[PDB]
Amino acid sequence: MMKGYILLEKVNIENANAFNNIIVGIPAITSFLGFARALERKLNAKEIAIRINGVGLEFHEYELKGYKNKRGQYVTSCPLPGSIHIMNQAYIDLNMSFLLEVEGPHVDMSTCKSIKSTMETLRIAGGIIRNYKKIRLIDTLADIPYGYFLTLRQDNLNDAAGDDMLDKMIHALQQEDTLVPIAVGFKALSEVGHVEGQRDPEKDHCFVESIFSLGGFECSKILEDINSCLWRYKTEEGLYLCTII
Amino acid sequence: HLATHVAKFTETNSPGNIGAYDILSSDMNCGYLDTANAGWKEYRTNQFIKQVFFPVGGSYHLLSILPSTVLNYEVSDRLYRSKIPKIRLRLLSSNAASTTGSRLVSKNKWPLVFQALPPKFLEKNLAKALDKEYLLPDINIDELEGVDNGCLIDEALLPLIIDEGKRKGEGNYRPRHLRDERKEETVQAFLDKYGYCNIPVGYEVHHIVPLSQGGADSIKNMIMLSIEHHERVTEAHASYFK
Amino acid sequence: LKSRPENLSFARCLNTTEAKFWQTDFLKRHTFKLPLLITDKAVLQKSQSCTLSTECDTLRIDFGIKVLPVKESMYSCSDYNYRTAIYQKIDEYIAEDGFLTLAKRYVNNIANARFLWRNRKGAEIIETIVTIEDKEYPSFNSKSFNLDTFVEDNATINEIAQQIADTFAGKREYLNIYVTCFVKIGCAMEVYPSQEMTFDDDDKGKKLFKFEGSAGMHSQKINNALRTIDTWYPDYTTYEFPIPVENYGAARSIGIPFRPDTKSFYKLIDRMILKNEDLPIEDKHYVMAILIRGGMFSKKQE
Amino acid sequence: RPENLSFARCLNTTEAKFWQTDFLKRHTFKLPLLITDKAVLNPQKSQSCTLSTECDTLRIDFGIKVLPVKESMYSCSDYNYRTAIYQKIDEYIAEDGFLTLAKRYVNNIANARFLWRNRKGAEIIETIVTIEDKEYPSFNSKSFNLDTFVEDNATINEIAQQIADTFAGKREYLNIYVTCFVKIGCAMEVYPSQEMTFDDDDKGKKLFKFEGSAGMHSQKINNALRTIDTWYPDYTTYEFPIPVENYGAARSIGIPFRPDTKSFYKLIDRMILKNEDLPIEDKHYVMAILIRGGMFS
Amino acid sequence: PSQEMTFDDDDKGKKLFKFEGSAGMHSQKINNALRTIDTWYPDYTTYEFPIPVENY
RNA sequence: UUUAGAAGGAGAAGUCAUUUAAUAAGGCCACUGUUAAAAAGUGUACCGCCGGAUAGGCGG
């Protein structure tokens, strides 16, 4: 039982779901959190017994699946619908990297082969893995290549002019260009019982809606803390969420 | 119709009247926002709606995700006059919205939507696709001339090697972090290139564009050299790659 | 058991990536390789078109395939009896055939290089090369293979079909295939890349697939020619050409469904798990063929 | 009318690239021709192309590629239509095999009609075909007229026999590459194609840049070769050929010429379904349209 | 004499010093010859030679 | 166990015509570039032989 962190370096994904609710481009972070949880479950199916809790995102390159129409606005592309008309979807080519806060025994020069074997049956936000560049276990603060980290900056999200989120989001968005909208977890309702029609009937069912906040990009050289990134799960009385504290 | 949480928006072919509405208004300045925290000017079983799993610290909970179509209508009019970047989405026809049966979606079936682009020096292009592709020599196939088994043996061919180092990879230099890595497969490459048991003591390893303007660790992009030849080309390549 | 589960989902077992185009000659194929940018033209309109340079003769297309087992790739099943029943059926099919009669045709498709659709007509010579990440394979000429007469007695076809049938059975867990092709058209002729579904308020031209400038093809189209081996549909003896594999047989070329009768997917699953009758080998071939492609196989609740 | 039916064009042309030579060393000389720019008097920038002062001949390089009509049948939504098209094409090729139109196509290359304005004022025009290692005999395009078609040559008959036999019989593709030389003078004004601009506050004259230098459109070099429609009614009075199209008349005259009498929106209801016998000029028009292709629904 | 560095790589061979129609020596070499008198560095007994008086 | 699981964009085209931009014009005046340095790794590698396989070994 020792604390460490693994790095998934330069994972490029085609057709990742970039149309979560309102944000076109960067997907919801719960996609990456559930990807880390699916990797944790895949390693738990094997008898390695290794836990993962904490994930930070480092974006390198992005390609919205489209072009520019006249002046700079984007028009996006889509496949042809078939056997069961198109309604609303978008896709992206991401080239980003993962920091996974890894907590569990027997990590040094181990579990990398298991992660490599179990990664091939995984999709990041519904997109193909293709070829990630490397898996690394270097335990330094300056172990990051030249990328940009998407963190939770609750400064203009919290303190800005405007009475409420709506009359405050766009007003906090004019003066800062790096700051971007981010879907951050999701909670709506109650009645956690066992109503039918579930994907797995032996679980807890709910009717849940996405929630939103702000985010920002900082380089690998200039930074504040590891604790200012590496997003964590959190749970309350029906208010499941992901945050950095 | 006009409810905030209506189905048949993220997908289709889901026969249901799933409307959750909103009788709760908690509009405090928290660290987040929801459909009730917004401006907001305007539920049993599930099939063909997105279902996810979330850990509660202990077990897992299966959660069905409903859209925020009132926020989808409000973002369009908020972004109509705003100056931050925005991405249009013309991925719809009128008959699909008529079949779906939502009056709010019918007025805004081609919405002006929020977006989150990473900064504009991160978007890929032709140079950002050609930097990951590295050149190859146009002659190295087998023992052609001046060569017994891989190594450049005879003389009067190092001008040919110097013009193969030229004529490819000129003016297209990349930064240091935009360079191909040196993998650990290379020891097995010297093992099974021609039949060597290990790295020869009497030979070295070299490429034709070493760490400058292309070059990768392929199965053919290495040419082993002698001491004098490598010593000469270390300055010969730096003569034009100053 | 009486009915299909309320939520059944299958992952696709043949995940292809999008391809990208490059222009090269036929005497300098593996040697050098130029980017094929999408240029623009005047039409009487703003029409995007692509063509080779005046100093090139062929074009080059590279794309990759990933193979996952059908047994393991069950993403969501809301039952245990149905899961064990189809598991037993899959083990029975492995024991009796070994998933080889499907894989031979799945590699017959790439043997004739059907993934270059309008690029095939008028071409001079083809050099489709298939490479796995550990083993290289000999090339073949796509003009010697008919588009209807399949080959079930080749060598490279048999080897690759067996090596992918082990993954289909469940012996391995993944497979990666890299394919390169060198269709020879002529000097400064026209190539035919893919075209997007980007609607526009003002524009009325055709925009082709950019993909960082260097043109290419969608993975949806490049997969469609690798699963067009259905010759077991009814009245096949009056048509003499294969069709792609779907549920209802609704090929977009014709508009009349090829197999909408009881020889289908729903009405064969209703006759396989529940009935457990000795349906012939072609029906089982089709059933595991559509189960390889996968999708959403939930029962029709209302 | 039936479901989605379409076609592909059976003859294909590249985009010709302009050059500039001198007629003394016309085999061994080749110089590029870049589109200049000079403003004209009103705020407006316009481009113009002209030769240099030390040369004398314009050069055009373009190649043709032919496929069979059976191999060019693209979108088939019904097999009754497809087998009717097959039967009509085989009863056409049972006796001549597209021999009427291929000869006129090869003649239309042979006059060098593809230069729309560069033929206005020329001393000598020659046409060379050198696709294989063998060299075809050189041409004399100044000894031809627009209205009449010649039928008794050697190289025209040989090449027309080659395309008319590859149209149905031997092989699927065939490529023939042609090079043309026009003597217009010294440092004169040459006319490449024009580009459809789409920006406001600019009355530009953006000419066509192919591979940087001057060039020619593909739809314009395929509009001169498609002008052979000397079978339409009211031809003896007007006495000029018209480009072949699904409607009646081109945009040159404005008024329609064949809106009802012979047009693919009208006669195909009484051709593909009734299969009644038609005169050979109507069949020539129908397979001229099926040579061009396009949507037919 | 001390060579004239890698000025122009037209001649790959080692050049020499040429000024006023003769050879000689760079006087930076003479300067670093006369500057080698420092025997006050740390761990003098381990190495035991003079070192040129440089910044470090 | 990730707004998870799935998907054929297609065929066809004529952008064309002419056009004078030009008259007039003062870049100015003054401010020390200096401090200090390692190009040279050994800069070229021959015979007498025994050996008759161009194996391999002694001496100058």
# chains A, B, ... in the order shown; residues from 1 in each chain; ligands from 1
>>> select_by_dssp(residues="range 10-218 of chain A", states="helix (DSSP H, G or I)", output="ChimeraX atom specification")
/A:29-45,112-119,165-174
>>> write_last_selection(atoms="C-alpha atoms", output="PDB file, in the first residue's frame")
ATOM      1  CA  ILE A  29     -14.798  14.782 -17.505  1.00  0.00           C
ATOM      2  CA  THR A  30     -17.002  11.980 -16.165  1.00  0.00           C
ATOM      3  CA  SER A  31     -16.159  10.142 -19.397  1.00  0.00           C
ATOM      4  CA  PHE A  32     -12.504  10.039 -18.344  1.00  0.00           C
ATOM      5  CA  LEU A  33     -13.446   9.297 -14.723  1.00  0.00           C
ATOM      6  CA  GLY A  34     -15.573   6.345 -15.823  1.00  0.00           C
ATOM      7  CA  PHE A  35     -12.768   5.261 -18.147  1.00  0.00           C
ATOM      8  CA  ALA A  36     -10.438   5.135 -15.137  1.00  0.00           C
ATOM      9  CA  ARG A  37     -13.121   3.246 -13.195  1.00  0.00           C
ATOM     10  CA  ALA A  38     -13.521   0.750 -16.057  1.00  0.00           C
ATOM     11  CA  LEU A  39      -9.748   0.239 -16.089  1.00  0.00           C
ATOM     12  CA  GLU A  40      -9.936  -0.283 -12.311  1.00  0.00           C
ATOM     13  CA  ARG A  41     -12.693  -2.880 -12.776  1.00  0.00           C
ATOM     14  CA  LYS A  42     -10.714  -4.631 -15.523  1.00  0.00           C
ATOM     15  CA  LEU A  43      -7.687  -4.822 -13.235  1.00  0.00           C
ATOM     16  CA  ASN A  44      -9.972  -6.006 -10.403  1.00  0.00           C
ATOM     17  CA  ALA A  45     -11.286  -8.870 -12.548  1.00  0.00           C
ATOM     18  CA  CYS A 112       1.893  -1.732 -16.776  1.00  0.00           C
ATOM     19  CA  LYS A 113       1.615  -4.938 -18.811  1.00  0.00           C
ATOM     20  CA  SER A 114      -1.832  -5.567 -17.309  1.00  0.00           C
ATOM     21  CA  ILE A 115      -2.912  -2.002 -18.160  1.00  0.00           C
ATOM     22  CA  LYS A 116      -1.564  -2.492 -21.701  1.00  0.00           C
ATOM     23  CA  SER A 117      -3.456  -5.776 -22.083  1.00  0.00           C
ATOM     24  CA  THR A 118      -6.718  -4.467 -20.588  1.00  0.00           C
ATOM     25  CA  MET A 119      -6.637  -1.126 -22.431  1.00  0.00           C
ATOM     26  CA  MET A 165     -24.927  31.604 -13.060  1.00  0.00           C
ATOM     27  CA  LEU A 166     -26.586  32.584 -16.342  1.00  0.00           C
ATOM     28  CA  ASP A 167     -26.165  36.339 -15.905  1.00  0.00           C
ATOM     29  CA  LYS A 168     -22.668  35.564 -14.668  1.00  0.00           C
ATOM     30  CA  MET A 169     -21.259  32.875 -16.958  1.00  0.00           C
ATOM     31  CA  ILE A 170     -21.053  34.920 -20.159  1.00  0.00           C
ATOM     32  CA  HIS A 171     -19.987  38.043 -18.237  1.00  0.00           C
ATOM     33  CA  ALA A 172     -17.164  36.024 -16.658  1.00  0.00           C
ATOM     34  CA  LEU A 173     -16.423  34.631 -20.128  1.00  0.00           C
ATOM     35  CA  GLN A 174     -15.904  37.916 -22.038  1.00  0.00           C
TER      36      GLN A 174
END
>>> closest_atom_pairs(of="range 118-213 of chain A", to="range 230-242 of chain A", cutoff="8 Å", atoms="only C-alpha atoms", output="JSON lines")
{"residue": "A:184", "atom": "CA", "partner": "A:242", "partner_atom": "CA", "distance": 6.1}
{"residue": "A:185", "atom": "CA", "partner": "A:241", "partner_atom": "CA", "distance": 4.5}
{"residue": "A:186", "atom": "CA", "partner": "A:241", "partner_atom": "CA", "distance": 6.2}
{"residue": "A:187", "atom": "CA", "partner": "A:239", "partner_atom": "CA", "distance": 5.2}
{"residue": "A:188", "atom": "CA", "partner": "A:239", "partner_atom": "CA", "distance": 7.7}
{"residue": "A:189", "atom": "CA", "partner": "A:238", "partner_atom": "CA", "distance": 7.3}
{"residue": "A:190", "atom": "CA", "partner": "A:238", "partner_atom": "CA", "distance": 6.8}
>>> write_last_selection(atoms="C-alpha atoms", output="JSON list (two decimals), in the first residue's frame")
[["chain", "number", "residue", "atom", "x", "y", "z"],
["A", 184, "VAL", "CA", -18.53, 18.48, -14.05],
["A", 185, "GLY", "CA", -20.46, 15.52, -12.73],
["A", 186, "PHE", "CA", -24.22, 15.12, -12.71],
["A", 187, "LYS", "CA", -27.09, 14.95, -10.18],
["A", 188, "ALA", "CA", -30.79, 15.68, -10.56],
["A", 189, "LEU", "CA", -33.26, 13.54, -8.66],
["A", 190, "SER", "CA", -34.23, 11.04, -5.97]]
>>> interface_residues(of="chain C", to="chain B", cutoff="8 Å", atoms="only C-alpha atoms", output="mmCIF file with N, CA and C atoms, in the first residue's frame")
data_model
loop_
_atom_site.group_PDB
_atom_site.id
_atom_site.type_symbol
_atom_site.label_atom_id
_atom_site.label_comp_id
_atom_site.auth_asym_id
_atom_site.auth_seq_id
_atom_site.Cartn_x
_atom_site.Cartn_y
_atom_site.Cartn_z
ATOM 1 N N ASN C 7 -32.247 -5.115 -22.436
ATOM 2 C CA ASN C 7 -31.136 -4.257 -22.842
ATOM 3 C C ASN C 7 -29.962 -5.157 -23.216
ATOM 4 N N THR C 31 9.346 3.625 -51.534
ATOM 5 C CA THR C 31 10.472 4.532 -51.349
ATOM 6 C C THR C 31 10.017 5.907 -50.871
ATOM 7 N N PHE C 32 9.236 6.615 -51.684
ATOM 8 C CA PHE C 32 8.812 7.966 -51.345
ATOM 9 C C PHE C 32 7.308 8.106 -51.527
ATOM 10 N N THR C 198 -21.800 17.349 -44.020
ATOM 11 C CA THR C 198 -21.866 18.685 -43.440
ATOM 12 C C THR C 198 -22.923 19.492 -44.181
ATOM 13 N N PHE C 199 -24.060 19.720 -43.533
ATOM 14 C CA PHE C 199 -25.081 20.587 -44.092
ATOM 15 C C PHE C 199 -24.662 22.046 -43.951
ATOM 16 N N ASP C 200 -25.311 22.911 -44.726
ATOM 17 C CA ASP C 200 -24.971 24.325 -44.698
ATOM 18 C C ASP C 200 -26.197 25.154 -45.048
ATOM 19 N N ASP C 201 -26.285 26.333 -44.428
ATOM 20 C CA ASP C 201 -27.375 27.255 -44.732
ATOM 21 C C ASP C 201 -27.188 27.899 -46.100
ATOM 22 N N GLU C 212 -6.766 16.620 -41.842
ATOM 23 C CA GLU C 212 -5.502 17.366 -41.756
ATOM 24 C C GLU C 212 -4.963 17.705 -43.141
ATOM 25 N N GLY C 213 -5.864 18.027 -44.063
ATOM 26 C CA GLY C 213 -5.460 18.385 -45.407
ATOM 27 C C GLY C 213 -5.340 17.200 -46.342
ATOM 28 N N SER C 214 -4.519 16.217 -45.973
ATOM 29 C CA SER C 214 -4.324 15.032 -46.801
ATOM 30 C C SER C 214 -5.594 14.196 -46.800
ATOM 31 N N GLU C 302 -42.355 -1.452 -25.804
ATOM 32 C CA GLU C 302 -43.140 -0.284 -26.181
ATOM 33 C C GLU C 302 -43.520 0.523 -24.944
#
>>> interface_residues(of="chain D", to="chain C", cutoff="9 Å", atoms="only C-alpha atoms", output="PDB file with N, CA and C atoms, in the first residue's frame")
ATOM      1  N   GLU D   3     -36.931   5.281 -58.690  1.00  0.00           N
ATOM      2  CA  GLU D   3     -36.092   5.672 -57.563  1.00  0.00           C
ATOM      3  C   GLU D   3     -34.726   6.160 -58.026  1.00  0.00           C
ATOM      4  N   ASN D   4     -33.770   6.240 -57.097  1.00  0.00           N
ATOM      5  CA  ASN D   4     -32.466   6.848 -57.345  1.00  0.00           C
ATOM      6  C   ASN D   4     -31.660   6.106 -58.404  1.00  0.00           C
ATOM      7  N   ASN D  12     -13.189  10.721 -69.509  1.00  0.00           N
ATOM      8  CA  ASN D  12     -12.707  11.573 -68.434  1.00  0.00           C
ATOM      9  C   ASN D  12     -11.488  12.337 -68.913  1.00  0.00           C
ATOM     10  N   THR D  13     -11.418  13.614 -68.549  1.00  0.00           N
ATOM     11  CA  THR D  13     -10.322  14.484 -68.942  1.00  0.00           C
ATOM     12  C   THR D  13      -9.702  15.091 -67.690  1.00  0.00           C
ATOM     13  N   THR D  14      -8.392  15.307 -67.729  1.00  0.00           N
ATOM     14  CA  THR D  14      -7.702  16.006 -66.654  1.00  0.00           C
ATOM     15  C   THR D  14      -7.911  17.513 -66.815  1.00  0.00           C
ATOM     16  N   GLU D  15      -7.151  18.305 -66.071  1.00  0.00           N
ATOM     17  CA  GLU D  15      -7.137  19.749 -66.244  1.00  0.00           C
ATOM     18  C   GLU D  15      -5.825  20.130 -66.915  1.00  0.00           C
ATOM     19  N   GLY D  63      -5.006  14.632 -71.025  1.00  0.00           N
ATOM     20  CA  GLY D  63      -5.191  13.219 -71.296  1.00  0.00           C
ATOM     21  C   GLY D  63      -6.632  12.791 -71.116  1.00  0.00           C
ATOM     22  N   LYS D  65      -9.372   9.407 -70.678  1.00  0.00           N
ATOM     23  CA  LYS D  65      -9.492   8.070 -70.113  1.00  0.00           C
ATOM     24  C   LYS D  65     -10.903   7.559 -70.352  1.00  0.00           C
ATOM     25  N   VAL D  66     -11.020   6.388 -70.974  1.00  0.00           N
ATOM     26  CA  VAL D  66     -12.311   5.850 -71.385  1.00  0.00           C
ATOM     27  C   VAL D  66     -12.555   4.513 -70.696  1.00  0.00           C
ATOM     28  N   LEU D  67     -13.806   4.305 -70.299  1.00  0.00           N
ATOM     29  CA  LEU D  67     -14.338   3.132 -69.624  1.00  0.00           C
ATOM     30  C   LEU D  67     -15.596   2.692 -70.357  1.00  0.00           C
ATOM     31  N   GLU D  71     -19.486  -0.763 -67.266  1.00  0.00           N
ATOM     32  CA  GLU D  71     -18.673  -0.537 -66.079  1.00  0.00           C
ATOM     33  C   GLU D  71     -18.880   0.846 -65.476  1.00  0.00           C
ATOM     34  N   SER D  72     -19.587   1.737 -66.169  1.00  0.00           N
ATOM     35  CA  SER D  72     -19.859   3.080 -65.678  1.00  0.00           C
ATOM     36  C   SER D  72     -21.271   3.230 -65.133  1.00  0.00           C
ATOM     37  N   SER D  75     -25.462   3.844 -59.991  1.00  0.00           N
ATOM     38  CA  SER D  75     -26.498   3.674 -58.977  1.00  0.00           C
ATOM     39  C   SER D  75     -27.678   2.940 -59.599  1.00  0.00           C
ATOM     40  N   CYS D  76     -27.920   1.714 -59.142  1.00  0.00           N
ATOM     41  CA  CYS D  76     -28.968   0.858 -59.688  1.00  0.00           C
ATOM     42  C   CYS D  76     -29.972   0.545 -58.588  1.00  0.00           C
ATOM     43  N   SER D  77     -31.140   1.178 -58.651  1.00  0.00           N
ATOM     44  CA  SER D  77     -32.184   0.954 -57.661  1.00  0.00           C
ATOM     45  C   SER D  77     -33.193  -0.112 -58.077  1.00  0.00           C
ATOM     46  N   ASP D  78     -33.096  -0.644 -59.295  1.00  0.00           N
ATOM     47  CA  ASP D  78     -34.037  -1.646 -59.777  1.00  0.00           C
ATOM     48  C   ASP D  78     -33.391  -2.414 -60.921  1.00  0.00           C
ATOM     49  N   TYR D  79     -33.575  -3.736 -60.927  1.00  0.00           N
ATOM     50  CA  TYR D  79     -32.934  -4.570 -61.938  1.00  0.00           C
ATOM     51  C   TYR D  79     -33.692  -4.644 -63.255  1.00  0.00           C
ATOM     52  N   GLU D 172     -10.911  -2.471 -70.066  1.00  0.00           N
ATOM     53  CA  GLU D 172     -11.867  -1.567 -69.443  1.00  0.00           C
ATOM     54  C   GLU D 172     -11.414  -0.118 -69.527  1.00  0.00           C
ATOM     55  N   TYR D 173     -10.205   0.182 -69.084  1.00  0.00           N
ATOM     56  CA  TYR D 173      -9.659   1.521 -69.220  1.00  0.00           C
ATOM     57  C   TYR D 173      -8.914   1.651 -70.543  1.00  0.00           C
ATOM     58  N   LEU D 174      -8.817   2.887 -71.031  1.00  0.00           N
ATOM     59  CA  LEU D 174      -7.792   3.219 -72.017  1.00  0.00           C
ATOM     60  C   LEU D 174      -7.477   4.701 -71.876  1.00  0.00           C
ATOM     61  N   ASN D 175      -6.189   5.033 -71.854  1.00  0.00           N
ATOM     62  CA  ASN D 175      -5.731   6.406 -71.707  1.00  0.00           C
ATOM     63  C   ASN D 175      -5.001   6.838 -72.971  1.00  0.00           C
ATOM     64  N   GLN D 194     -11.566  31.060 -65.952  1.00  0.00           N
ATOM     65  CA  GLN D 194     -11.912  32.045 -64.937  1.00  0.00           C
ATOM     66  C   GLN D 194     -12.484  31.350 -63.710  1.00  0.00           C
ATOM     67  N   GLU D 195     -12.169  31.885 -62.534  1.00  0.00           N
ATOM     68  CA  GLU D 195     -12.539  31.272 -61.265  1.00  0.00           C
ATOM     69  C   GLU D 195     -13.703  32.021 -60.633  1.00  0.00           C
ATOM     70  N   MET D 196     -14.703  31.269 -60.184  1.00  0.00           N
ATOM     71  CA  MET D 196     -15.902  31.830 -59.566  1.00  0.00           C
ATOM     72  C   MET D 196     -15.555  32.333 -58.171  1.00  0.00           C
ATOM     73  N   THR D 197     -15.325  33.637 -58.048  1.00  0.00           N
ATOM     74  CA  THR D 197     -15.044  34.222 -56.748  1.00  0.00           C
ATOM     75  C   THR D 197     -16.323  34.324 -55.918  1.00  0.00           C
ATOM     76  N   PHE D 198     -16.146  34.430 -54.598  1.00  0.00           N
ATOM     77  CA  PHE D 198     -17.286  34.478 -53.690  1.00  0.00           C
ATOM     78  C   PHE D 198     -17.067  35.452 -52.536  1.00  0.00           C
ATOM     79  N   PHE D 208      -7.507  31.011 -63.720  1.00  0.00           N
ATOM     80  CA  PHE D 208      -7.340  29.669 -63.173  1.00  0.00           C
ATOM     81  C   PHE D 208      -5.864  29.347 -62.985  1.00  0.00           C
ATOM     82  N   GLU D 211      -1.545  24.019 -60.469  1.00  0.00           N
ATOM     83  CA  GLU D 211      -0.160  23.751 -60.054  1.00  0.00           C
ATOM     84  C   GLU D 211       0.691  25.018 -60.067  1.00  0.00           C
ATOM     85  N   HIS D 217      -9.741  24.576 -67.121  1.00  0.00           N
ATOM     86  CA  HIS D 217     -10.764  23.826 -66.407  1.00  0.00           C
ATOM     87  C   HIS D 217     -10.967  22.436 -67.005  1.00  0.00           C
ATOM     88  N   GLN D 219     -14.255  21.131 -66.853  1.00  0.00           N
ATOM     89  CA  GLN D 219     -15.583  21.231 -67.444  1.00  0.00           C
ATOM     90  C   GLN D 219     -15.587  22.006 -68.753  1.00  0.00           C
TER      91      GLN D 219
END
>>> interface_residues(of="chain B", to="chain A", cutoff="7 Å", atoms="only C-alpha atoms", output="ChimeraX atom specification")
/B:10,29,31-34,37-39,45-47,51,56-57,60-67,72,83-84,86-89,91-92,96,113-117,122-124
>>> write_last_selection(atoms="C-alpha atoms", output="compact mmCIF listing (two decimals), in the first residue's frame")
# COMPACT_ATOMS: atom_id res chain seq x y z
CA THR B 10 -30.11 12.53 -27.30
CA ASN B 29 -23.91 30.72 -5.90
CA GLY B 31 -19.40 25.80 -7.26
CA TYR B 32 -21.62 24.56 -10.09
CA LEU B 33 -24.88 25.23 -11.91
CA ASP B 34 -27.83 23.17 -13.09
CA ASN B 37 -29.41 27.65 -11.44
CA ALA B 38 -29.78 28.91 -15.03
CA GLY B 39 -32.01 31.69 -16.33
CA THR B 45 -38.41 3.14 -16.46
CA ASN B 46 -35.94 3.67 -19.30
CA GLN B 47 -35.13 2.30 -22.76
CA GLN B 51 -27.48 4.70 -18.83
CA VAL B 56 -21.02 6.05 -4.51
CA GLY B 57 -17.86 5.28 -2.51
CA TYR B 60 -22.52 1.54 -7.91
CA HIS B 61 -25.60 3.47 -9.00
CA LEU B 62 -27.12 3.23 -12.48
CA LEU B 63 -28.10 6.68 -13.71
CA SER B 64 -30.22 7.70 -16.69
CA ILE B 65 -29.21 11.00 -18.29
CA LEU B 66 -31.89 13.46 -19.45
CA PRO B 67 -31.06 16.60 -21.48
CA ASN B 72 -30.20 24.58 -25.02
CA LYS B 83 -18.52 37.91 -28.39
CA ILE B 84 -16.99 34.65 -27.10
CA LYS B 86 -19.45 29.72 -30.63
CA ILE B 87 -20.06 26.75 -32.93
CA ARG B 88 -23.20 26.29 -35.01
CA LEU B 89 -24.78 22.83 -35.36
CA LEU B 91 -27.36 18.64 -38.03
CA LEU B 92 -31.16 18.46 -38.21
CA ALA B 96 -37.37 14.73 -37.31
CA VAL B 113 -24.22 26.15 -29.09
CA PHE B 114 -21.53 26.74 -26.47
CA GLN B 115 -18.08 25.39 -27.21
CA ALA B 116 -14.74 24.77 -25.49
CA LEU B 117 -11.86 24.89 -27.88
CA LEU B 122 -3.11 23.15 -30.47
CA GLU B 123 -5.36 22.50 -33.49
CA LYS B 124 -3.75 20.07 -35.92
>>> interface_residues(of="chain C", to="chain F", cutoff="8 Å", atoms="only C-alpha atoms (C1' of nucleotides)", output="ChimeraX atom specification")
/C:9-11,43-44,75-76,194-197,220-221,224,252,294-296
>>> closest_atom_pairs(of="chain E", to="chain F", cutoff="8 Å", atoms="only C-alpha atoms (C1' of nucleotides)", output="Markdown table")
| residue | atom | partner | partner_atom | distance |
| --- | --- | --- | --- | --- |
| E:2 | CA | F:39 | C1' | 7.2 |
| E:3 | CA | F:39 | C1' | 6.5 |
| E:4 | CA | F:39 | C1' | 7.9 |
| E:5 | CA | F:39 | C1' | 5.8 |
| E:14 | CA | F:43 | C1' | 7.7 |
| E:28 | CA | F:37 | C1' | 7.3 |
| E:29 | CA | F:38 | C1' | 6.5 |
| E:32 | CA | F:38 | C1' | 7.5 |
>>> write_last_selection(atoms="N, CA and C atoms", output="mmCIF file, in the first residue's frame")
data_model
loop_
_atom_site.group_PDB
_atom_site.id
_atom_site.type_symbol
_atom_site.label_atom_id
_atom_site.label_comp_id
_atom_site.auth_asym_id
_atom_site.auth_seq_id
_atom_site.Cartn_x
_atom_site.Cartn_y
_atom_site.Cartn_z
ATOM 1 N N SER E 2 48.260 27.059 -33.275
ATOM 2 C CA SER E 2 46.854 26.850 -32.974
ATOM 3 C C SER E 2 46.011 27.157 -34.202
ATOM 4 N N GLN E 3 45.029 26.301 -34.469
ATOM 5 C CA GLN E 3 44.279 26.430 -35.705
ATOM 6 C C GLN E 3 43.272 27.570 -35.608
ATOM 7 N N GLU E 4 42.714 27.931 -36.759
ATOM 8 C CA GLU E 4 41.771 29.038 -36.870
ATOM 9 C C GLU E 4 40.334 28.546 -36.825
ATOM 10 N N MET E 5 40.073 27.537 -35.986
ATOM 11 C CA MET E 5 38.749 27.016 -35.645
ATOM 12 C C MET E 5 38.077 26.433 -36.889
ATOM 13 N N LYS E 14 42.440 20.170 -41.069
ATOM 14 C CA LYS E 14 42.824 21.080 -40.000
ATOM 15 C C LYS E 14 43.596 22.258 -40.582
ATOM 16 N N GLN E 28 45.763 34.087 -26.774
ATOM 17 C CA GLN E 28 44.903 33.539 -25.734
ATOM 18 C C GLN E 28 45.514 32.279 -25.139
ATOM 19 N N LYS E 29 46.232 31.504 -25.957
ATOM 20 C CA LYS E 29 46.987 30.364 -25.447
ATOM 21 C C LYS E 29 48.095 30.812 -24.505
ATOM 22 N N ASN E 32 46.347 32.013 -21.196
ATOM 23 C CA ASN E 32 45.993 30.900 -20.327
ATOM 24 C C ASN E 32 47.204 30.105 -19.876
#
>>> residues_around(residues="residue 193 in chain C", least_positions_apart="5", cutoff="8 Å", atoms="only C-alpha atoms (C1' of nucleotides)", output="VMD selection string")
chain C and resid 50 208 to 209 215 to 217
>>> closest_atom_pairs(of="chain E", to="chain B", cutoff="9 Å", atoms="only C-alpha atoms", output="CSV")
residue,atom,partner,partner_atom,distance
E:8,CA,B:239,CA,8.9
E:9,CA,B:239,CA,6.7
E:12,CA,B:232,CA,8.6
